[PDB]
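S.K.: Residue numbers (our numbering): 1 to 97.
#1: What span of residues does the alpha helix (DSSP H) with residue 69 cover, start to end?
#2: Thinking just about the alpha-carbon of each residue, which of 73, 30 and 83 is nearest to the one in residue 95?
#3: Hey, how far is the Cα of residue 59 from the Cα of residue 17?
#4: Need the endpoints of the alpha helix (DSSP H) that residue 51 sits in, please.
#5: When the distance is taken between beta carbons, is residue 31 closer than 8 Å to residue 46?
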């Protein structure tokens, strides 16, 4: 366990100590339950909903301005980029936070 206390306070570690969500399927079902409540979740339905909300060129888009600003604010030499949120883009956002 490599960390620090005064700075680098592992808030992310504390967050990882909750929600009892081990399988990626567990995360997907929790997401489909929170976002689309009432209907009991199905693996295919939850996966499709998550993908559509996350990285679909339709139903989600950052303009060139949006992608450039995300790259600049998070820090990145690249100016242009894809219109959808990258898989590691969220990781960079948490890192910045």
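Each residue gets a CB set at the ideal place from its N, CA and C atoms; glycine is no exception.
M.R.: Short version:
#1: 64-74 is the extent of the alpha helix (DSSP H) around residue 69.
#2: Residue 95 has its Cα closest to that of 73, out of 73, 30 and 83.
#3: Distance from the CA of residue 59 to the CA of residue 17, rounded to the nearest whole angstrom, comes to 32 Å.
#4: Here the alpha helix (DSSP H) through residue 51 covers 43-55.
#5: Contact flag set, yes.
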